[PDB]
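S.K.: Chains as they are written, first to last, in the numbering used here: chain A, 276 to 420; chain B, 276 to 420; chain C, 276 to 420; chain D, 114 to 218; chain E, 464 to 590; chain F, 464 to 590; chain G, 464 to 590.
Just dropping this structure here.
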Amino acid sequence: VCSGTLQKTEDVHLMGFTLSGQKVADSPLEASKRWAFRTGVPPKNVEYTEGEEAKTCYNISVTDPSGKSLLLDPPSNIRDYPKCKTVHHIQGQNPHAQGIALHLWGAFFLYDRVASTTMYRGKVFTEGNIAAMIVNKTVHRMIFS
Amino acid sequence: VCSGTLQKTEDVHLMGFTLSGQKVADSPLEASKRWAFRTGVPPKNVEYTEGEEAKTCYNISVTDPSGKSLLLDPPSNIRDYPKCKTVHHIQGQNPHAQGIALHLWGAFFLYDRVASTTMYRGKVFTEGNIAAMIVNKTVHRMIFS
Amino acid sequence: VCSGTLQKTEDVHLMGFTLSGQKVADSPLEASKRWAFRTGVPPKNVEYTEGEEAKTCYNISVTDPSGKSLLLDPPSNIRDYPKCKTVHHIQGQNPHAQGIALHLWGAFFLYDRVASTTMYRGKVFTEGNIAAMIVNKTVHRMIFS
Amino acid sequence: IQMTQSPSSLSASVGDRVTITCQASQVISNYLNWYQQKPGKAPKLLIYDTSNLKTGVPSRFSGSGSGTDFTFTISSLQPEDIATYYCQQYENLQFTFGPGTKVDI
Amino acid sequence: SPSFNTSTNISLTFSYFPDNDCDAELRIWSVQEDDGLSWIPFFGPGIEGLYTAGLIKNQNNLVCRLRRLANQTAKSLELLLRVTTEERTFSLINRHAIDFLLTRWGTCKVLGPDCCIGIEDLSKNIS
Amino acid sequence: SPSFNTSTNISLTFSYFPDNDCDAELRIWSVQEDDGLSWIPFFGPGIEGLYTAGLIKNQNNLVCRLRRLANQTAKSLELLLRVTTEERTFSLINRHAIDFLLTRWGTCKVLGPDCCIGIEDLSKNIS
Amino acid sequence: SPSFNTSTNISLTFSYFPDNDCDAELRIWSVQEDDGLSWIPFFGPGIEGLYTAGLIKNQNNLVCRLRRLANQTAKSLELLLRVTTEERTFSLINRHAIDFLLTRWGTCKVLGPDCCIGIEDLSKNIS
Ligand SMILES: *[C@@H]1O[C@H](CO)[C@@H](O[C@@H]2O[C@H](CO)[C@@H](O[C@@H]3O[C@H](CO[C@H]4O[C@H](CO)[C@@H](O)[C@H](O)[C@@H]4O)[C@@H](O)[C@H](O[C@H]4O[C@H](CO)[C@@H](O)[C@H](O)[C@@H]4O[C@H]4O[C@H](CO)[C@@H](O)[C@H](O)[C@@H]4O)[C@@H]3O)[C@H](O)[C@H]2NC(C)=O)[C@H](O)[C@H]1NC(C)=O
Ligand SMILES: *[C@@H]1O[C@H](CO)[C@@H](O[C@@H]2O[C@H](CO)[C@@H](O[C@@H]3O[C@H](CO[C@H]4O[C@H](CO)[C@@H](O)[C@H](O)[C@@H]4O)[C@@H](O)[C@H](O[C@H]4O[C@H](CO)[C@@H](O)[C@H](O)[C@@H]4O[C@H]4O[C@H](CO)[C@@H](O)[C@H](O)[C@@H]4O)[C@@H]3O)[C@H](O)[C@H]2NC(C)=O)[C@H](O)[C@H]1NC(C)=O
Ligand SMILES: *[C@@H]1O[C@H](CO)[C@@H](O[C@@H]2O[C@H](CO)[C@@H](O[C@@H]3O[C@H](CO[C@H]4O[C@H](CO)[C@@H](O)[C@H](O)[C@@H]4O)[C@@H](O)[C@H](O[C@H]4O[C@H](CO)[C@@H](O)[C@H](O)[C@@H]4O[C@H]4O[C@H](CO)[C@@H](O)[C@H](O)[C@@H]4O)[C@@H]3O)[C@H](O)[C@H]2NC(C)=O)[C@H](O)[C@H]1NC(C)=O
Ligand SMILES: *[C@@H]1O[C@H](CO)[C@@H](O[C@@H]2O[C@H](CO)[C@@H](O)[C@H](O)[C@H]2NC(C)=O)[C@H](O)[C@H]1NC(C)=O
Ligand SMILES: *[C@@H]1O[C@H](CO)[C@@H](O[C@@H]2O[C@H](CO)[C@@H](O)[C@H](O)[C@H]2NC(C)=O)[C@H](O)[C@H]1NC(C)=O
Ligand SMILES: *[C@@H]1O[C@H](CO)[C@@H](O[C@@H]2O[C@H](CO)[C@@H](O)[C@H](O)[C@H]2NC(C)=O)[C@H](O)[C@H]1NC(C)=O
Ligand SMILES: *[C@@H]1O[C@H](CO)[C@@H](O[C@@H]2O[C@H](CO)[C@@H](O)[C@H](O)[C@H]2NC(C)=O)[C@H](O)[C@H]1NC(C)=O
Ligand SMILES: *[C@@H]1O[C@H](CO)[C@@H](O[C@@H]2O[C@H](CO)[C@@H](O)[C@H](O)[C@H]2NC(C)=O)[C@H](O)[C@H]1NC(C)=O
Ligand SMILES: *[C@@H]1O[C@H](CO)[C@@H](O[C@@H]2O[C@H](CO)[C@@H](O)[C@H](O)[C@H]2NC(C)=O)[C@H](O)[C@H]1NC(C)=O
């Protein structure tokens with residue numbers, strides 16, 4: 276239990292690891308099967324410090340047959356994911372859709388320094404999860420040089 | 276002073292107790308005498324964990340003679356109170372009203388997991404106060420089964 | 276290191292000191308030379324507890340030649356600075372302006388109990404910085420009587 | 114929904130204590146008032162906020178109630194208290210008057 | 464900060480004491496979930512079946528000391544809200560937690576009060 | 464983290480030291496309320512009569528060490544704001560408090576520095 | 464809470480252990496800035512050149528224990544988000560920090576576990 280010591284609150288970091296590193300299907304067709312729309316669930320957000328370089332990113336726009344986009348309006352703090360190898364530009368349709376888009380696996384829609392329960396409109400993301408770990412000032416400096 | 280120990284930050288809970296349990300008047304006429312509108316005071320909110328089952332709840336809509344509702348716009352986190360025995364649906368009028376609705380006793384307008392200084396528009400609430408207490412994982416599991 | 280003790284979290288205070296006390300130019304012409312507009316930088320805010328009585332305050336409105344005000348919309352928590360000796364009412368113009376107004380020195384636009392990276396529209400401010408310090412309940416009571 | 118006032122008619126000799134009931138459509142949310150309308154003339158309120166009485170109204174008039182049930186009582190009836198009595202209710206932006214109670218001597 | 468616990472002599476105990484107005488029954492609701500698929504946001508509860516019912520029995524005016532605690536703590540809570548300028552929600556559980564750590568540790572002599580360090584097993588190991 | 468206190472030799476002292484540009488007078492304002500009806504939000508102050516006046520005298524360049532502290536701490540505060548993505552307000556007093564607890568307690572040897580434990584009364588009780 | 468550190472025997476170590484699915488390479492990005500004019504918000508980076516590149520080598524399935532940690536911690540993180548009503552961002556680093564202080568200090572006997580106090584230099588000074 277006494278193993279390890281935490282000096283400053285800046286040293287505790289939350290690293291987001293993409294599902295791409297978990298060797299899951301990166302194709303947008305199979306990736307679109309991992310999300311679904313549901314009403315009656317509030318969207319929650321958690322900020323993290325570091326993240327992985329994503330292999331595939333998605334900029335989706337699911338719209339009503341009338342043209343109404345069903346994705347939520349992104350708050351100001353939400354921004355595109357920093358590093359993506361390829362960004363899939365997708366435009367979908369769903370007439371029966373209700374509520375908001377959630378992840379069926381329980382993973383998070385990773386945005387820049389933010390993990391979200393919901394996929395926001397017009398913002399690049401990647402599927403992933405975050406992990407809590409401690410790295411002191413000297414160790415963190417060595418990895419990033 | 277050393278009496279009692281706190282293990283995790285999840286174990287500290289804030290319980291909201293309704294004024295109904297304090298044996299005050301539940302009638303909406305006498306309850307409407309406990310609130311008043313005042314300008315120049317910012318609205319503040321505090322989140323709590325648990326709350327009491329309310330005996331009487333209120334869904335009020337105070338409007339200008341023109342039709343303008345004088346109650347504040349509820350932020351996204353504000354939702355109806357979970358458990359109410361009876362919900363009074365009230366529609367009022369106040370031409371002289373200025374500012375925002377506050378509580379004259381100093382109590383809070385209890386919403387779902389939120390205590391507010393102001394009564395928000397179109398949202399069910401109950402009069403009450405919150406209390407800070409510690410219950411560990413095992414004790415909390417016993418009360419709610 | 277063991278010098279000094281902190282009793283409650285209320286005793287740690289953040290005091291904002293105006294640049295007027297640093298004997299810098301209070302004139303609005305020289306003060307307008309300390310700010311500039313830049314795109315691609317998010318605005319950040321920090322709340323503080325106490326602040327200095329300002330010698331000169333500014334209520335600026337920089338507009339497009341069309342009439343569009345280039346300053347950001349102030350969030351609800353932002354309010355005018357409490358104590359000002361003189362408030363300069365300025366109306367400017369900038370056609371080339373992009374992004375948002377920042378401070379070139381790294382100082383903060385001090386608002387009521389808030390320090391900001393950006394100058395907000397139609398809100399009185401003063402240039403200054405904040406400092407972290409500890410004063411217990413008895414010491415704080417003596418200074419303000 | 115439904116606002117009732119009982120009894121519809123009444124006949125009691127001078128000096129009798131008579132009480133009348135009023136049932137609001139909902140639980141009370143604004144002042145409940147009582148009006149006295151002699152034949153021909155216009156209504157005149159005697160009791161406001163269920164209990165309080167207007168300045169000048171005789172002490173023999175009184176009222177009480179709570180919730181959805183209310184009462185209107187006069188201690189000692191006198192010959193000029195003959196009128197049709199109504200109870201007022203303000204709910205859902207609507208002033209609704211009760212059916213009325215005709216009292217005779 | 465008080466604490467409620469199972470009775471050491473399902474009876475519970477509250478550490479707080481103040482030195483017929485209260486209600487005897489105390490029904491409560493909470494969101495805590497028992498520890499397969501319910502944790503995923505899409506599955507499990509929504510906004511309807513999210514709250515779990517509870518009941519606290521009044522044992523030596525237990526509920527009344529709880530109810531009189533909230534009636535009193537609100538008077539300080541209102542003053543604690545005047546300083547913060549944020550109109551949005553403000554986490555109080557994090558503040559009570561750090562206040563608990565600072566009142567126990569925030570230089571202290573091993574002997575006497577104001578320093579909760581257990582030496583009863585240290586005094587026997589030295590001999 | 465520095466601390467200001469009454470002089471132990473109304474004179475005050477500041478623990479911080481840095482190793483005519485400053486202003487001598489230092490008028491300040493605060494929202495703290497003295498401890499009947501003022502705590503209720505409807506009553507008491509509004510937005511006008513909410514701030515209380517204060518004054519700090521420069522004693523051995525006391526105000527100047529305060530003013531030179533804010534001029535320096537802002538350089539780290541700006542970097543501490545680049546990481547957080549929230550545009551809204553961000554509570555700094557909670558972070559300084561937990562940093563104070565972690566720098567004092569966050570394994571430490573009872574003897575020597577880096578461990579503020581008082582044994583001066585323990586060394587006399589053992590004898 | 465685990466911790467990653469330079470190897471004591473650029474190799475790194477992770478304290479966590481769980482008792483070909485993972486990816487070997489692990490490129491990462493961070494915003495931390497090395498400690499003249501870059502700290503000012505107007506100058507320095509914007510939103511493009513703000514992130515610094517990093518790389519972590521898999522040493523005794525180091526990356527795989529990291530990746531399997533995030534796959535597992537999310538199951539509790541989702542439940543920890545159901546209670547808080549704020550839709551906006553919620554700081555988790557402050558909560559892990561106070562949980563670290565409470566699990567180490569939040570009455571403890573100087574001897575035995577659950578109390579990280581160093582007496583190895585105290586036992587020699589008494590003799
Ligand atoms: C950490 O990392 C792990 C591994 O990377 C990851 O595990 C993954 O979890 C998800 C669930 O969260 C798994 O998805 C499920 O997969 C199974 C198996 O699919 C195989 O079998 C089917 C049928 O034989 C084949 O067709 C298919 O091609 C696969 O070979 C499915 O059975 C699951 O579908 C059911 O559950 C869904 C829940 O969302 C339903 O939407 C769906 O309709 C299915 O329901 C079934 O039952 C219903 C009623 O009984 C019925 O109506 C349906 O028709 C159907 O019969 C689901 O897709 C995924 O496979 C796991 N990955 C691996 C590699 O094992 C963790 O999720 C991850 N953790 C985090 C936090 O990210
Ligand atoms: C914890 O729980 C306790 C108990 O449950 C609760 O206490 C309650 O506090 C409130 C105040 O916060 C009390 O409300 C006051 O009640 C008194 C007494 O009313 C009786 O007496 C009058 C007159 O004799 C009768 O008509 C009436 O029917 C009652 O029998 C009132 O005097 C108070 O009114 C004055 O103050 C108000 C403040 O808002 C004014 O709005 C009002 O106009 C009154 O002002 C007076 O003075 C003015 C100038 O001097 C003048 O202009 C006015 O005309 C008037 O003369 C007020 O209504 C309540 O009674 C308490 N309950 C009990 C059971 O004692 C705590 O509040 C609670 N704590 C929290 C945090 O919730
Ligand atoms: C804590 O308190 C201290 C003191 O109160 C305060 O220090 C101040 O820092 C700011 C910078 O943050 C200083 O501002 C600089 O001032 C120098 C010197 O100006 C003198 O010299 C010039 C030229 O000789 C005279 O014309 C002038 O009248 C003064 O006598 C300037 O050189 C700086 O300007 C350059 O940098 C700017 C950065 O924003 C550029 O915008 C500007 O264009 C200048 O760039 C130069 O180089 C460019 C390329 O090389 C070129 O393109 C340009 O044309 C130019 O040549 C800058 O204005 C200020 O003087 C300091 N105050 C004092 C009293 O020393 C701290 O800032 C404060 N800390 C906090 C956190 O508030
Ligand atoms: C992802 O898609 C959104 C919308 O489809 C893009 O946002 C548009 O960006 C252009 C250029 O900045 C603007 O002119 C449009 O008005 C934006 N539309 C909306 C709805 O915001 C966004 O640029 C795309 N991201 C990437 C990386 O391609
Ligand atoms: C409380 O009152 C508000 C408004 O009077 C109700 O909100 C309405 O809900 C219906 C049904 O969902 C909508 O069609 C309306 O547009 C809503 N109006 C507004 C102004 O929001 C709310 O449902 C009431 N709550 C309860 C429990 O009755
Ligand atoms: C600073 O300037 C702003 C705008 O120039 C002033 O805000 C105006 O206040 C008046 C009176 O309350 C309103 O009628 C206007 O609608 C406001 N305009 C805007 C754009 O908000 C503000 O009052 C000024 N502050 C001071 C101290 O003079
Ligand atoms: C929750 O609280 C109960 C009661 O305070 C804890 O049970 C105690 O555990 C200690 C140590 O094992 C024993 O010495 C006491 O006799 C127990 N008391 C009772 C009444 O059983 C329990 O361990 C706590 N649970 C957690 C997870 O901390
Ligand atoms: C506020 O600080 C003052 C000064 O540091 C405290 O007064 C000291 O109290 C201790 C313990 O009682 C004495 O040993 C010192 O001699 C006192 N110093 C002075 C200058 O009087 C005071 O107790 C603190 N107040 C609170 C509420 O913590
Ligand atoms: C970051 O961590 C490293 C490694 O844990 C620290 O270096 C250790 O420092 C202690 C005390 O000086 C030595 O006893 C160890 O031998 C060192 N280990 C190694 C591998 O060098 C370093 O001090 C930490 N940095 C900070 C700023 O806390």
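Note that beta-carbon positions come from the ideal geometry of N, C-alpha and C, so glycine has one too.
Note the first and the last residue of the continuous beta strand (DSSP E) segment covering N334 (chain A).
M.R.: Along the first sequence, read from residue 1 onward, the residue named residue 334 (chain A) stands at position 59. Looking at the DSSP string, the run of the beta strand (DSSP E) that includes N334 (chain A) is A329 to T338.
S.K.: Exposed or buried, which one is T566 (chain G) when buried takes at least 16 other CB atoms within 10 Å?
M.R.: In the seventh sequence, counting from the first residue as 1, residue 566 (chain G) sits at position 103. The residue is exposed, with fewer than 16 neighbouring Cβ atoms inside 10 Å.
S.K.: Does the pairing of the region 152-162 of chain D with the region 279-287 of chain B give three or more beta-carbon distances under 8 Å?
M.R.: no
S.K.: Between A:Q366, A:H415, A:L346 and A:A407, which lies nearest to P318 (chain A) when the distance is taken from Cα to Cα?
M.R.: For the purposes of this step, residue 318 (chain A) is taken as the residue at position 43 of the first sequence. Checking every option, the nearest Cα to that of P318 (chain A) belongs to A:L346.
S.K.: Can you give me, in chain order, the residues of the region 305-336 of chain B that have a beta carbon less than 7 Å from any beta carbon in chain F?
M.R.: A311, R313, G315 and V316
S.K.: Can you tell me which residues fall inside 5 Å of ligand 1, judged by beta-carbon distance to its nearest heavy atom, and keep chain order?
M.R.: A:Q297, A:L379, A:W380, A:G381, A:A382, G:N534 and G:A537
S.K.: Short of 9 Å Cβ to Cβ, which residues in the region 379-390 of chain B face chain F?
M.R.: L379, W380 and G381
S.K.: Given this structure, state the Cα-to-Cα distance separating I365 (chain A) from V546 (chain F), to the nearest angstrom.
M.R.: Against the first sequence, residue 365 (chain A) aligns to sequence position 90. Against the sixth sequence, residue 546 (chain F) aligns to sequence position 83. Cα to Cα, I365 (chain A) sits roughly 30 Å from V546 (chain F).
S.K.: Report the option in D:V170, D:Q150, D:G176 and D:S172 whose CA atom is closest to the CA atom of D162 (chain D).
M.R.: Residue 162 (chain D) sits at position 49 when you count from the first residue of the fourth sequence. Of the listed residues, the one whose Cα sits closest to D162 (chain D) is D:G176.
S.K.: Based on Cα-Cα distance, which residue from F:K587, F:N534, F:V573 and F:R528 lies nearest to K587 (chain G)?
M.R.: Reading the seventh sequence from its first residue, position 124 is the one you call residue 587 (chain G). The candidate whose alpha carbon is nearest that of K587 (chain G) is F:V573.
S.K.: Could you name the residues of the same chain whose beta carbon sits closer than 8 Å to that of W310 (chain B), not counting the 5 residues immediately before and after it, in chain order?
M.R.: What you label residue 310 (chain B) is simply residue 35 of the second sequence in a count that begins at 1. So the list reads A376, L377, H378, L379 and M394, once near-sequence residues are dropped.
S.K.: For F384 (chain C), collect the residues of the same chain with a Cβ closer than 6 Å to its Cβ; drop the 5 residues on either side in sequence, then sort them by chain order.
M.R.: By 1-based counting over the third sequence, the position of residue 384 (chain C) is 109. Result list for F384 (chain C): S391, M394 and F400, in chain order.
S.K.: So with CB distances below 7 Å, who are the chain A contacts of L532 (chain G)?
M.R.: Start at 1 with the first residue of the seventh sequence, and residue 532 (chain G) comes out as number 69. Here the neighbours are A406.
S.K.: Quick check on this structure: which residue in G:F505, G:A487 and G:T548 has the alpha carbon closest to the alpha carbon of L513 (chain E)?
M.R.: Reading the fifth sequence from its first residue, position 50 is the one you call residue 513 (chain E). Comparing Cα positions, the closest option is G:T548.
S.K.: To which residues does DSSP link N524 (chain G) through a beta bridge?
M.R.: Counting from one through the seventh sequence, the residue named residue 524 (chain G) turns up at place 61. In DSSP, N524 (chain G) forms no bridge with anything.
S.K.: Nearest-angstrom Cα distance between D301 (chain C) and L529 (chain F)?
M.R.: Position 26 of the third sequence, counting from 1, holds the residue named residue 301 (chain C). Position 66 of the sixth sequence, counting from 1, holds the residue named residue 529 (chain F). Distance between the alpha carbons of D301 (chain C) and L529 (chain F) is about 20 Å.
S.K.: So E550 (chain F) contacts chain A; which residues on that side make the cut at Cβ distance below 7 Å?
M.R.: On the sixth sequence, residue 550 (chain F) is found 87 positions in, with the first residue counted as 1. Going along chain A in sequence order, the residues near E550 (chain F) (Cβ under 7 Å) are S351 and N352.
S.K.: Listed by chain order, which residues have C-beta atoms less than 7 Å from any heavy atom of ligand 8?
M.R.: Result: C:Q282, C:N411, C:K412, C:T413, C:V414, F:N468, F:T469 and F:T471.
S.K.: Below 8 Å on C-beta distance, what does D577 (chain E) contact in chain B?
M.R.: For the purposes of this step, residue 577 (chain E) is taken as residue 114 along the fifth sequence, with counting starting at 1. By Cβ distance, chain B contributes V276.
S.K.: Please classify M290 (chain B) as buried or exposed, where buried requires at least 16 other C-beta atoms within 10 Å of its C-beta.
M.R.: Looking up residue 290 (chain B) in the second sequence gives position 15. So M290 (chain B) ends up on the buried side.
S.K.: For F480 (chain E), decide whether its Cβ has a neighbour in chain B, counting only Cβ atoms nearer than 7 Å.
M.R.: Sequence index remark: in the fifth sequence, residue 480 (chain E) carries index 17 (1-based). It does not: the Cβ of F480 (chain E) has no partner Cβ on chain B nearer than 7 Å.
S.K.: At least one CB of chain G closer than 7 Å to the CB of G509 (chain E): is that the case?
M.R.: Numbered from 1 along the fifth sequence, position 46 holds the residue referred to as residue 509 (chain E). No, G509 (chain E) does not count as interfacial toward chain G.
S.K.: Sorry if obvious, but does the Cβ on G397 (chain C) come closer than 6 Å to a heavy atom of ligand 6?
M.R.: As a first step, residue 397 (chain C) must be located in the third sequence, where it is residue number 122. True, at least one ligand heavy atom lies under 6 Å from that Cβ.
S.K.: Under 6 Å: does the beta carbon of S336 (chain C) sit that close to some heavy atom of ligand 6?
M.R.: As a first step, residue 336 (chain C) must be located in the third sequence, where it is residue number 61. Yes - ligand 6 has a heavy atom lying nearer than 6 Å to the Cβ of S336 (chain C).
S.K.: With 16 other CB atoms within 10 Å as the buried threshold, where does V389 (chain C) fall?
M.R.: Here residue 389 (chain C) refers to the residue found at position 114 of the third sequence. Burial call: buried.
S.K.: Grab me the residues of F467 (chain F)'s own chain with a C-beta within less than 6 Å of its C-beta, minus the 5 sequence neighbours each way, in chain order.
M.R.: On the sixth sequence, residue 467 (chain F) is found 4 positions in, with the first residue counted as 1. So the list reads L475 and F477, once near-sequence residues are dropped.
S.K.: With DSSP as the reference, please indicate the residues paired to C277 (chain A) in a beta bridge.
M.R.: On the first sequence, residue 277 (chain A) is found 2 positions in, with the first residue counted as 1. In DSSP, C277 (chain A) forms no bridge with anything.
S.K.: Figure out for me which residue from C:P303, C:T314, C:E322 and C:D355 has the closest Cα to the Cα of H371 (chain C).
M.R.: Along the third sequence, one-based indexing puts residue 371 (chain C) at 96. In this structure, C:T314 is the residue among C:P303, C:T314, C:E322 and C:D355 with its C-alpha nearest to the C-alpha of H371 (chain C).
S.K.: Whole angstroms is fine: what's the gap from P349 (chain C)'s alpha carbon to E325 (chain C)'s?
M.R.: For this step, residue 349 (chain C) is matched to residue 74 along the third sequence. For this step, residue 325 (chain C) is matched to residue 50 along the third sequence. Spanning the two alpha carbons is a distance of roughly 21 Å.
S.K.: Taking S295 (chain B) as the reference, give the member of E:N557, E:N534, E:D584 and E:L555 with the closest Cα.
M.R.: Working through the second sequence from its first residue, we reach residue 295 (chain B) at position 20. Nearest of E:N557, E:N534, E:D584 and E:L555 to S295 (chain B), Cα basis: E:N534.
S.K.: At what residues does the beta strand (DSSP E) containing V389 (chain B) begin and finish?
M.R.: If you number the second sequence from 1, residue 389 (chain B) lands on position 114. Unbroken beta strand (DSSP E) run through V389 (chain B): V389 to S391.
S.K.: Going by DSSP, name the residue or residues bridged to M116 (chain D).
M.R.: The residue given as residue 116 (chain D) occupies position 3 in the fourth sequence. Per DSSP, none; premise fails for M116 (chain D).
S.K.: Take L564 (chain E) as the anchor and find which of E:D577, E:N483 and E:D484 has the nearest alpha-carbon.
M.R.: For the purposes of this step, residue 564 (chain E) is taken as the residue at position 101 of the fifth sequence. Nearest C-alpha to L564 (chain E): E:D577.
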